[PDB]
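Scroll down for the structure; my scribbles are underneath it.
Here the Cβ positions follow ideal geometry from the backbone for every residue, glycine too, while neighbour counts run over all protein chains shown. Computed from the coordinates by the stated procedures, all read-outs in this text should not be read as laboratory data.
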Amino acid sequence: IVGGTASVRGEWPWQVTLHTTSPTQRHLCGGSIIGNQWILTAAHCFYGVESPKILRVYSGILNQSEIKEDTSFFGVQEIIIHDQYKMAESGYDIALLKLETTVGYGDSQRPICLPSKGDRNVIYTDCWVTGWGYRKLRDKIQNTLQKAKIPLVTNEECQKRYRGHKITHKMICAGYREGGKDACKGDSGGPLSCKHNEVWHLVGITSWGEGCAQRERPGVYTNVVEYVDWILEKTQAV
Ligand SMILES: COC(=O)Nc1ccc(-c2[nH]c([C@H](Cc3ccccc3)NC(=O)CCc3cc(Cl)ccc3-n3cnnn3)nc2Cl)cc1
């Protein structure tokens with residue numbers, strides 16, 4: 001996160017850190033708890049990931065230093081990538097992790113509500129991007145989960161900012177015209193959380209951008225509302 005500040009423990013209890021074990025253990029991507037055995041994240045995070053056996057999901061984490069070999073985690077039973085996904089820049093940048101065991105909800109780990117189909121017409125004015133990602137293009141993973149409040153940008157305005165790309169309605173953009181606050185390397189797959197009527201909703205999934213927090217380059221997010229039926233298809237399978 002560029003231009004963000006330290007989160008307070010328990011502030012974003014749906015935020016997870018997805019680690020890879022191969023070749024060595026490290027943070028890979030962000031994710032959000034959406035159900036007791038479900039993590040919603042970005043499809044691009046799994047480039048070259050050949051098995052869910054190398055993945056570890058850590059919930060209830062503020063600082064990466066809380067993670068040692070004796071720290072409990074959730075194993076991943078299955079990686080579900082949207083079957084239309086080719087690359088982040090073309091959309092369908094969404095994946096589900098089905099956990100081997102059930103998350104016990106509490107003040108440190110709980111789910112974020114998915115947006116409602118009716119909420120496609122609501123205007124979100126209180127949106128935040130969170131993660132352990134870089135504070136600039138050449139940096140390192142941060143110990144403390146960072147947060148940054150970012151304004152949502154219309155599809156028309158985002159398309160003007162990305163000439164040569166096709167910004168679809170399955171993407172949602174966020175950023176200040178002057179830059180300064182955005183997601184960066186290591187934040188992808190994490191949430192873009194918006195508060196509306198005292199309830200937080202998972203509005204976006206950190207996906208892609210041209211550099212980090214650059215002037216007139218909003219961050220591009222998977223527009224979660226456009227995938228509610230796909231999420232329910234995969235999570236509510238009979
Ligand atoms: C010790 O552990 C580590 O150092 N772990 C570590 C884990 C992941 C990364 C990392 N993550 C990303 C991954 C893409 C990816 C995933 C998984 C594997 C490989 C690539 N991108 C991101 O997190 C941010 C993409 C992005 C979104 C938005 Cl909304 C706005 C701007 C951008 N950026 C553009 N240019 N940079 N950031 N790029 C890098 Cl580099 C870097 C370091």
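In this label model, residue 63 and residue 87 are separated by 4.0 nm, measuring between points 7 Å along each Cα→Cβ vector. Amide H contacts of residue 223: 171, 172, each under 5 Å away and 5 or more positions distant or on a separate chain (H built 1.01 Å from N in the peptide plane; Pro and chain starts excluded).
Between residue 54 and residue 216, how high is the FRET efficiency from 1/(1 + (r/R0)^6) when r is the Cβ-Cβ distance and R₀ = 41 Å? Nearest 0.05. Display every interim value, and only then the final one.
Values: r = 38 Å, r/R0 = 0.93.
Taking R0 as 41 Å, the efficiency between residue 54 and residue 216 is 0.60.
The length gained on full extension between residue 120 and residue 177, counted as 0.36 nm times the residue separation minus their Cα-Cα distance, comes to 18.2 nm.
Just how many % of Cα pairs in the chain lie over 28 Å apart, if you round to the nearest whole percent? Could the numbers behind the result be given before it?
Working: 6454 of 28203 pairs.
Here the tail beyond 28 Å accounts for 23 percent of pairs.
The equivalent ellipsoid that matches the C-alpha gyration tensor of region 1-114 spans semi-axes of 21, 17, 15 angstrom, in descending order.
A Förster radius of 25 Å combined with the Cβ-Cβ distance from residue 71 to residue 185 puts the calculated FRET efficiency at roughly 0.60.
Using 32 Å as the Cα-Cα cut-off, could you pick out the over-long pairs in 136/234; 160/234; 68/98; 86/117? Intermediate values should be presented prior to the final figure.
Details: 136/234 35 Å; 160/234 34 Å; 68/98 23 Å; 86/117 25 Å.
Correct reply: 136/234; 160/234.
Under a point-charge model restricted to the Cβ atoms of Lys and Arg (+1) and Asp and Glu (-1), what is the dipole moment magnitude of the chain relative to its Cα centre, in debye to the nearest 20? Mind dumping the intermediate values first?
Details: 28 positive and 25 negative charges, 133 e Å.
That gives the chain a dipole magnitude of about 640 debye.
For region 45-103, the Stokes-Einstein estimate of translational diffusion at 4 °C and a viscosity of 1.567 mPa s comes to 98 µm²/s, using the Kirkwood hydrodynamic radius over alpha-carbon pairs.
Stick to the Cα atoms of region 73-131, pair each with every other, and give me the Kirkwood hydrodynamic radius in Å at one decimal. Could you put the intermediate results ahead of the total?
Numbers: mean 1/r = 0.0670 Å⁻¹.
Averaging 1/r across every pair of different Cα atoms and inverting gives 14.9 Å.
Coupling constants for region 97-109 follow from the phi torsions by the Karplus curve (6.51 cos²θ - 1.76 cosθ + 1.60, θ = phi - 60°), and in residue order they are 10, 8, 7, 5, 10, 8, 6, x, 6, x, 5, 9, 7 Hz; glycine and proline get x.
Spatial offset of region 204-233 relative to region 72-105 amounts to 15 Å, using the alpha carbon center of each.
On full extension, the segment bounded by residue 22 and residue 143 gains 41.5 nm, given 0.36 nm per residue less the C-alpha separation.
Output the relative contact order of region 42-119, whole-number percent, from Cα pairs under 8 angstrom with separation of 6+ residues. Kindly include the intermediate steps, with their values, before the conclusion.
On the way: 83 pairs, mean separation 24.9, N = 78.
This gives 32 percent for region 42-119.
Each label was represented as a point 7 Å from its Cα along the Cα-to-Cβ direction; for residue 160 and residue 136 these points are 3.0 nm apart. Residues 127, 29 in ascending order of nearby Cβ atoms (within 10 Å, fewest first): 127, 29.
Between the beta carbons of residue 237 and residue 47, assuming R0 = 25 Å, the FRET efficiency works out to 0.45 to the nearest 0.05.
Taking the chain as a whole, the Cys residues whose C-beta sits 4.7 Å or farther from every other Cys C-beta are 113.
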